[PDB]
């Protein structure tokens, strides 16, 4: 057990704060005391987000080697690519982004879904944005490899950074350190978290939290809420990340399965459902905390669905993980009509 033996490059202000969503708690029945560890309030690098914690353990490599281009990938409103662009800017490197079509671009948004939001930010930061229309997949894509081959054949030295970092060698280390962090904040705040709720589609964030919590034998505190509607590969990939990461940090524990509620992924990746939107609104109306229609919105409804059904013990302290991703909210404007008054 030790993430400390790995090189880390600072890209955040330090330990992400924890918000006490006490008002939302009461509203939901006062059954559980909901808390939120603000990863969305990460750093000053283009709004921040969980993906920034992941990159901290990857940057040292980039810097140590002689690289000129940082290439990543993801869907249109990809949070990843947007943070890879901000990072590339900070390191003074070139940036290439492969924006594939992973979400059935809603009609009433087909004219902005590819111009406004996160994709706009990658542009403003000077990244070679490329709009391809390949299928959705949380695994290695055959457009990422070609981009690499291209820049290489061009005489450039590209740095591969897979979807959400997840499948990167050190993709699970950032959230191992997340675990060490919650453990300390529990003592500083004086509150123990009985459970941890976090969204999941490509893996690393969940896997990292599992392998990292294992350090204190608490992997079972984790509660993942699928948002990829493909629990199939999402659980198997998250599980494989959890193992390869546990090995890296000295954890013996072999992960064979984890809590992966799949009741709110539908209708698919990127497309909210009537429940998602209501969750976002309730969270926002009650706390002033925004959540997106793709990730955190679906994990927030799951958090509310669970609370409704007395899934947690009476008076439980549950740590909701806000991974950010709000900036893509402007590409789903059509789903939030003005509140009747």
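Numbering follows the first chain given and starts at 1.
- The stretch with the higher mean CA B factor, choosing between 71 to 79 and 203 to 211, is 71 to 79.
- Higher mean CA temperature factor, per the PDB entry, when comparing 178 to 186 with 158 to 166: 158 to 166.
- In this structure the maximum Cα B-factor among 91, 132, 84, 249 is found at 132.
- Going by the entry's values, 140 shows the largest Cα B-factor out of 191, 140, 197, 173.
- Ranked by C-alpha B-factor against the other modelled residues of its chain, residue 308 falls in the highest third.
- The deposited CA B-factor of residue 117 belongs to the highest third of values across its chain.
- In this PDB entry, the Cα temperature factor of residue 49 sits in the bottom third of its chain's modelled residues, the lowest group.
- Sort the chain's modelled residues by C-alpha temperature factor and residue 341 lands in the highest third, per the entry.
- Ranked against the other modelled residues of its chain, the C-alpha B-factor of residue 61 as given in the entry falls in the middle third.
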